[PDB]
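Okay, here's what each chain looks like letter by letter:
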Amino acid sequence: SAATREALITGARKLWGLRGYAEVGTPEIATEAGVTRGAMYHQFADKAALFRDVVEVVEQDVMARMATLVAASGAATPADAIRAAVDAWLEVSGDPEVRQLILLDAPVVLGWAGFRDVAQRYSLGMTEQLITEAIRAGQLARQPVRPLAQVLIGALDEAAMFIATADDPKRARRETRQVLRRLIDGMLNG
Amino acid sequence: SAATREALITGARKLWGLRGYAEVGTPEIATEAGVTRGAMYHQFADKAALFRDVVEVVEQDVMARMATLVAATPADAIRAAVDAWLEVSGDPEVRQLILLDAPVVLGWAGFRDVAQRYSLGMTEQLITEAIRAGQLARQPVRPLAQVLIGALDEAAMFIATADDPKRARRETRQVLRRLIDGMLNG
Ligand SMILES: O=C(CCC(F)(F)F)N1CCC2(CC1)CC(c1ccccc1)=NO2
Ligand SMILES: O=C(CCC(F)(F)F)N1CCC2(CC1)CC(c1ccccc1)=NO2
């Protein structure tokens, strides 16, 4: 039953990641997972409840992958870490599974309140940390941390959404990246 | 029947603006508007369809109010547009219908679609003129517009639900002024 929970999250994540929430039902997910409908329904009351758990694990991975790519950049100063985090988010957003589940399905299925709540829970802390360190190093002017975090999260989430539905995503990714890099380079002292 | 549409949009806008979408039903709106439920349902199949039309009219007005406040260099217009948006988003009716109810009722796809349809043109124009005047580096116009709209919408949402909106408006204003002053040349 713990095993059943895990198999259901993994199967849902894989299938919904490829085909989207709308295109795969709970019976096909149960078959994929090798469990009965009665065991599925004991763990998840409906389609949407399984999807909320798929979103948590995917967002968990998005954040761990973000932290990995910033560490991998070899950013010495906070300013460079900030530059590396921007690039990392555009990299990770571009992953087809992240695009489908987080950018496209999640806002529709969780609704706005649910989606914002999740997106804040996973993003705010990293965002505030990067800012706080840049301020401590003197690479960013002292200013209210939470409001700047919030503004950057809005800018970066919107970037990702814009690329996700672009006629030409490779162009939109490059252009949006340049525009973010310029904005950041005008804010940062170093 | 255009008249019935107008009466219904005004009544909806007034009542939902005071009490919020969730707290007022369509029958009370029909009574407010001076029409029968049958005439309302001929024009709007449900609650949400009336709300989409309330959003259009309100956003139309938000944009005209924005253009009015700016017209009262391109770089300064950009700074004035930021102030103007914080001014007009602070309006209780705009706060309730556009910042709070619209993303819930339209969804994010619908909300972004509306917000871009009304905002993009002004946003692209301000950018383009700042580029022409040499106050902003030449760079892709649509992607910058898009990023600014996201930042500014999120600013307004942050203020709209702040524990202390007067504090959050001042702090967020400073943070937006800094962001903008880094985007602009001088
Ligand atoms: O998980 C999300 C969003 C999930 C969504 F559901 F809303 F779409 N992220 C966006 C913002 C972050 C974290 C990843 C923070 C960040 C950063 C970069 C530079 C300086 C400060 C923060 N890069 O991306
Ligand atoms: O209509 C909206 C949002 C409506 C909502 F539905 F999303 F809530 N606005 C935000 C963007 C604008 C217009 C107001 C454009 C703008 C600006 C400022 C500086 C340089 C360039 C553009 N400031 O506010």
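About the criteria used
- Residues numbered from 1 in each chain as written, not as in the entry; some residues may be left out.
- Chains lettered and ligands numbered in written order.
- Heavy atoms only, no water.
- Residues with missing side-chain atoms left out of burial classes, pairs and counts.
- Near = heavy atom within 4 Å.
- Polar contact = N/O pair within 3.5 Å; in protein donor to acceptor, adjacent residues only side chain to side chain.
- Areas by Shrake-Rupley, 256 points an atom, 1.4 Å probe, with all protein chains shown as cover.
- 1 Å grid on protein atoms, 1.4 Å probe; cavity = no way out; pocket = protein on both sides within 12 Å on 5 of 7 lines; lining within 4 Å.
- Sits in = over half its atoms within 2 Å of the grid points.
- Helix = DSSP H or I, 4+ residues; strand = E, 2+ residues; numbered from the N terminus.
- Nonpolar A, V, L, I, M, F, W, Y, C, P; charged D, E, K, R; others polar.

- As recorded in the PDB header, X-ray crystallography is the method behind this entry, and the stated resolution is 2.40 Å.

Here's the deal with the site of ligand 2
Residues and elements named next belong to chain B.
Okay, so step 1: If you check the shell around ligand 2, you find 16 residues, and the closest are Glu59, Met63, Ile98, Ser119 and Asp153.
Okay, so step 2: At a separation of 2.9 Å, an oxygen atom of ligand 2 approaches a polar side-chain atom of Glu59.
Okay, so step 3: Here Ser119 contributes a side-chain N or O atom positioned 3.0 Å from an oxygen atom of ligand 2.
Okay, so step 4: Surface burial for ligand 2 is 99%, taken as the share of its 530 Å² of free accessible area covered by protein chains.
Okay, so step 5: Counting atoms within 2 Å of the grid points, the majority share of ligand 2 lands in the second largest cavity.
Okay, so step 6: Among the secondary structure elements, those contributing two or more residues to the shell around ligand 2 are helix 4 (47-71), helix 5 (74-90), helix 6 (92-132) and helix 7 (141-160).
Okay, so step 7: The class makeup of the residues in the shell around ligand 2 is twelve nonpolar, two polar and two charged.

Topic: the site of ligand 1
Residues and elements named next belong to chain A.
Okay, so step 1: Around ligand 1, 17 residues are found, and the nearest of them are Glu59, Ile102, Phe115, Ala119 and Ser123.
Okay, so step 2: Taking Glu59, its side chain carries an N or O atom lying 2.7 Å from an oxygen atom of ligand 1.
Okay, so step 3: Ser123 places a polar side-chain atom, nitrogen or oxygen, 3.3 Å from an oxygen atom of ligand 1.
Okay, so step 4: Burial of ligand 1 by the protein chains amounts to 99% of its free accessible area of 530 Å².
Okay, so step 5: Most atoms of ligand 1, that is more than half of them, are within 2 Å of grid points of the largest cavity.
Okay, so step 6: Contributions of two or more residues to the shell around ligand 1 are made by helix 4 (47-73), helix 5 (78-94), helix 6 (96-136) and helix 7 (145-164).
Okay, so step 7: The greatest single-element share of the shell around ligand 1, amounting to seven residues, is contributed by helix 6.

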